[PDB]
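In: one piece of my complex first, more on the way:
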Amino acid sequence: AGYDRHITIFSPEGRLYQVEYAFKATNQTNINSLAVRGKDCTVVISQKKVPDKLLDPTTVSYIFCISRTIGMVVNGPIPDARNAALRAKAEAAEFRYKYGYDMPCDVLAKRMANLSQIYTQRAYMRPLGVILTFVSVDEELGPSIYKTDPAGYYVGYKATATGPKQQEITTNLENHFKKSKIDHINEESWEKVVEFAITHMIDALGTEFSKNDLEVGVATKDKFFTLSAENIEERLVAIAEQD
């Protein structure tokens, strides 16, 4: 009876508690992230928090380079995050090997969502307490953002946000698009899209950021990369000379 809350089987209400609890684990890191699409690029911003002084800050990241073109940011415990990243990389490599072309961002997303859906149905596998946000500049769809959860669900976004204060960042962005009337940041350079991202990240969270409080990922035609404390600092400086 009471075991319908330990493994992934239906509860009398037709619910899957373990999947629900896995969702709870995604906020364990107290990190917030958001992604927006530029005119020809995709940017993902995520908070970086290094409490312990004994830690080497350069190794504390929740953003991963899945492939030459796909970037993935994770919201959830790091061990499950790395499990998902390794799998994604393997899946991307194998796909290119078998089909002759780079795995599209939305397809990798679906693949990972499907994998997650399985932990939802088979009782011996637990779900992963993570939410995966994949980004890239697809060669057929252009700037792309696809996010998957422990439920095995996934969808494409104009822009999105994940984390404890996900709702604030989301409504902030929603409002901005109701205004601009377009589904993206009408900017030619990614540097400006990165700035917009950091700006609204601030308006919504009501907080200031130093060069080590952020982590940034950028996807462009044929390439995805992360910025350095200094590349970010340069971004921070520019937003400062406008406010």
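Out: Good, I have the coordinates. Numbers count the residues shown, from 1 in each chain, chains lettered A, B, ... in the order given.
In: Please count neighbours and contacts with C-alpha atoms only from this point.
Out: OK.
In: Could you find the closest non-adjacent residue to residue A:183?
Out: Spatially, and ignoring its direct neighbours in sequence, residue A:183 is nearest to residue A:158 (5.5 Å; Cα to Cα, 6 or more residues apart in numbering).
In: and what of residue A:224?
Out: Residue A:224's closest residue in space is residue A:69 (Cα to Cα, 6+ apart), at 5.1 Å.
In: so the residue nearest to residue A:183 sits right up against residue A:37, yeah?
Out: Yes. The criterion here is Cα atoms under 8 Å, and residue A:158 meets it with residue A:37 at 6.5 Å.
In: neighbour count winner among those two?
Out: Neighbours were counted for residue A:158 and for residue A:37 using other Cα atoms under 10 Å; residue A:37 has more, 31 against 19.
In: Enumerate every residue touching that one.
Out: The contact partners of residue A:37, taken as Cα atoms under 8 Å, 6 or more residues apart in numbering, are A:43, A:143-145, A:158-159, A:184-185, A:193.
In: Which one (most neighbours) among these?
Out: residue A:43 (32 neighbours).
In: And what about that one, helix, strand or coil?
Out: What DSSP: H, G, I helix; E, B strand; the rest coil gives for residue A:43 is strand.
In: Pretty sure residue A:135 sits against residue A:143.
Out: Yes. Taking Cα under 8 Å as the definition, residue A:135 is a contact partner of residue A:143 at 7.5 Å.
In: anything in contact with each of these two?
Out: With Cα under 8 Å, 6+ apart as the test, residue A:135 and residue A:143 both reach A:42, A:219.
In: returning to what we had before: what residues are shared contacts of residue A:158 and residue A:37?
Out: Once Cα under 8 Å, 6+ apart is applied, the residues that residue A:158 and residue A:37 both contact turn out to be A:144-145, A:184.
In: is it true that residue A:147 lies in a strand?
Out: Yes. Applying three-state DSSP, one finds residue A:147 inside a strand.
In: Name the nearest residue to it, sequence neighbours excluded.
Out: Of all residues not flanking residue A:147 in the chain, residue A:133 sits nearest, at 4.2 Å (Cα to Cα, 6+ apart).
In: likewise residue A:184?
Out: Closest to residue A:184 by Cα to Cα, 6+ apart is residue A:37, at 5.3 Å.
In: any idea how far that neighbour is from residue A:87?
Out: Separation of residue A:37 from residue A:87 (Cα to Cα, to the nearest Å): 25 Å.
In: onto the same structure, chain B please:
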Amino acid sequence: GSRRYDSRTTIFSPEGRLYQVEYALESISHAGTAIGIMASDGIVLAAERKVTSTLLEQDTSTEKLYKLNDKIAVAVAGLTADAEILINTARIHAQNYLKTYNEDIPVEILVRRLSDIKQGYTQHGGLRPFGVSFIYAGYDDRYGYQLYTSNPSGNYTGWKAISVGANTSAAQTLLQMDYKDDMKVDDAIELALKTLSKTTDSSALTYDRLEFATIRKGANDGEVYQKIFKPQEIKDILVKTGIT
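Out: Alright, chain B goes in next:
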């Protein structure tokens, strides 16, 4: 480990009963009633479609009567999906037999096989039994017309008239009352409809809620014929037997 969530579907109760089999039967007892009556010149299979709607496409439907062979058919009572798994293996067993011996499979041999498969889910593997009860109507040149029945336990028996599903008790009593060894297919067809008609949990017994089938040796031929009545054919035989 896993053991914590294992129901142990194949154990004995302190009374020596098989829980899952008992419960499976309980489940079947709520399934639409299916009847089988064996005449001297044929066999009748009639079943009541449990629950219906006006929008239900009753022409392309077949939830209770399935052709297993060219000389064997079954009436289903229980989980349709479970029954299809078994029906399909039964269909295959029949053909393996035909390929091996170049002769149609003797009815009991096919029934015993399906029953042994059911019996298996009862003794090992830790899986739930099939929530299905079958009424087999068939003919072979060794025992002629035969009527069998198999339930979740994997046990099977032969009958002259039998019912599975809901109200089998009331139904069995009615059959035991009007059955006569020298009956004729048409007599049986009527007994079948009358019996269902009195045990139904519904208002009336309309054609849209019925499936009918007969296995006759059409005098004008010399061979056996299986007929799964079409909606119209049912609506007809339903007016004739005075049930309009």
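In: distance from the centroid: which residue in chain A tops it?
Out: residue A:1 (36.8 Å; Cα atoms, centre = their mean).
In: Quick one: residues contacting it.
Out: Shown in contact with residue A:1 (Cα atoms under 8 Å, 6 or more residues apart in numbering or on different chains): no residues.
In: now do residue B:100
Out: Applying Cα under 8 Å, 6+ apart to residue B:100 gives no contacts.
In: same deal with the one 4 residues further on?
Out: With contact taken as Cα under 8 Å, 6+ apart, residue B:104 is in contact with B:94-95, B:97-98, B:140.
In: Of all pairs in those, which one spans the longest distance?
Out: Maximum pairwise distance among those (Cα to Cα): 14.8 Å, between B:95 and B:140.
In: Might you report the residue contacts of residue A:105?
Out: With Cα under 8 Å, 6+ apart, residue A:105 has these contacts: A:70, A:134-136, A:138, A:144-146.
In: Can you add secondary structure, distance to residue A:51 and neighbour count and give the contacts of residue B:104 back as a markdown table?
Out: Listed next are the contacts of residue B:104 as a markdown table, based on DSSP: H, G, I helix; E, B strand; the rest coil; distance: Cα to Cα, whole Å; neighbours: other Cα atoms under 10 Å in any protein chain shown:
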| residue | secondary structure | distance to residue A:51 | neighbour count |
| --- | --- | --- | --- |
| B:94 | helix | 72 | 23 |
| B:95 | helix | 72 | 18 |
| B:97 | helix | 74 | 16 |
| B:98 | helix | 76 | 13 |
| B:140 | strand | 83 | 17 |
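In: what's the closest of those to residue B:42?
Out: Once Cα to Cα is applied, the member of these that ends up nearest residue B:42 is residue B:140, at 11.9 Å.
In: now the strand or helix carrying residue B:213: how far from the chain's centre is it?
Out: Following DSSP states H and E, the helix or strand that holds residue B:213 is strand B:210-216. Using Cα atoms, centre = their mean, to the nearest Å, the distance from the centre of strand B:210-216 to the centre of the chain it belongs to is 11 Å.
In: Need the residues that contact that strand.
Out: Residues contacting strand B:210-216 (Cα under 8 Å, 6+ apart): B:41-49, B:62, B:64-65, B:71, B:137-139, B:185, B:224-229, B:231, B:234.
In: Report the buried members of those.
Out: B:41-49, B:64-65, B:71, B:137-139, B:185, B:224-226, B:228-229, B:231, B:234 (16 or more other Cα atoms under 10 Å in any protein chain shown).
In: As chain C, please add this:
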Amino acid sequence: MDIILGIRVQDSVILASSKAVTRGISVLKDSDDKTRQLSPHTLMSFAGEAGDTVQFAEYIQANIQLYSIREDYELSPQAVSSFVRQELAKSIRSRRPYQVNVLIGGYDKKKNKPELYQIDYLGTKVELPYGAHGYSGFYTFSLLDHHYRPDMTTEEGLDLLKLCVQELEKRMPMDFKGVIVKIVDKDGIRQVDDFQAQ
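Out: Placing chain C onto the earlier chains gives this:
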């Protein structure tokens, strides 16, 4: 090879099989019965590879007996021959094939007619009035083709066989040491212990 002859007369099937068993240079035995009773009304003669020969026969027998008991019924000669053909057809594409040729003679109590089946090691089955495996047909088929009649009596059949065996003893290079004859009819299987000089 050995001699395996079969003939289906009016109310029975007769199977004549050579008695010699030769291993290389010497004739090891001259009273070998190259036959197995598959059921009260079905007999099977066989010839071929040294060990596979009896191994197959006995394997087929065990299976028919098991069927008989499980069903308390006797399979028709036709059903038995189809089972046997399928077994040989499996064998031909296996790792090491049974190199055995067989004749199945049975009396179908339901049809009330004798039946003769010829099946070679490839699983090639055919029903015939009379048949043989190996070189046997080469010497005898011209005789059978001539004197054979569907209404022959068991006695007429044994005479036609005797004629066949005489031709074999005349033109065939090998001394097969005579044959053992058996009859299959409505009353089971019996052996003609007197063909050495019938």
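In: Please re-evaluate the contacts of strand B:210-216 in the presence of chain C.
Out: So strand B:210-216 is contacted by B:41-49, B:62, B:64-65, B:71, B:137-139, B:185, B:224-229, B:231, B:234 (Cα under 8 Å, 6+ apart).
In: Pull out the CA atoms of that strand and give them to me as PDB.
Out: Extracted in PDB, the C-alpha atoms of strand B:210-216 (Å, rounded to 0.1, in the frame of the first residue of the first chain):
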ATOM      1  CA  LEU B 210     -24.800  -9.300 -28.600                       C
ATOM      2  CA  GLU B 211     -22.300 -11.500 -30.400                       C
ATOM      3  CA  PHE B 212     -23.400 -14.800 -31.800                       C
ATOM      4  CA  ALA B 213     -21.700 -17.700 -33.400                       C
ATOM      5  CA  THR B 214     -22.500 -21.300 -34.400                       C
ATOM      6  CA  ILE B 215     -20.400 -24.300 -35.500                       C
ATOM      7  CA  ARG B 216     -22.600 -26.400 -37.800                       C
END
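In: neighbouring strands for it, and are they parallel or not?
Out: Taking DSSP bridges as the criterion, strand B:210-216 sits next to strand B:42-48 (antiparallel), strand B:225-228 (antiparallel) in its sheet.
In: okay, these in JSON lines with distance to residue A:23 next?
Out: Below are these laid out as JSON lines (distance: least, Cα to Cα, whole Å):
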{"stretch": "strand B:42-48", "distance to residue A:23": "47"}
{"stretch": "strand B:225-228", "distance to residue A:23": "53"}
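In: Nearest to residue C:165 among those would be which one?
Out: In terms of Cα to Cα, the element of these nearest to residue C:165 is strand B:225-228, at 50.5 Å.
In: centre of the chain versus the closest one, how much separation?
Out: 15 Å.
In: can you check stretch C:61-81 too?
Out: Taking Cα atoms, centre = their mean, one finds stretch C:61-81 lying 18 Å from the centre of the chain it belongs to.
In: And stretch A:124-143, by the same measure?
Out: Relative to its chain's centre, stretch A:124-143 lies at 7 Å (Cα atoms, centre = their mean).
In: same question, stretch B:27-43
Out: With Cα atoms, centre = their mean as the basis, stretch B:27-43 stands 6 Å off its chain's centre.
In: and the longest helix seen in chain C, which residues are buried?
Out: Ordering each helix of chain C by length in residues (DSSP state H) puts helix C:52-71 first. Within helix C:52-71, the residues that count as buried by 16+ other Cα under 10 Å are C:53-54, C:56-58, C:60-61, C:64-65.
In: Closest one to residue C:7 out of these, please.
Out: Nearest member of these to residue C:7, counting by Cα to Cα, is residue C:57, at 19.9 Å.
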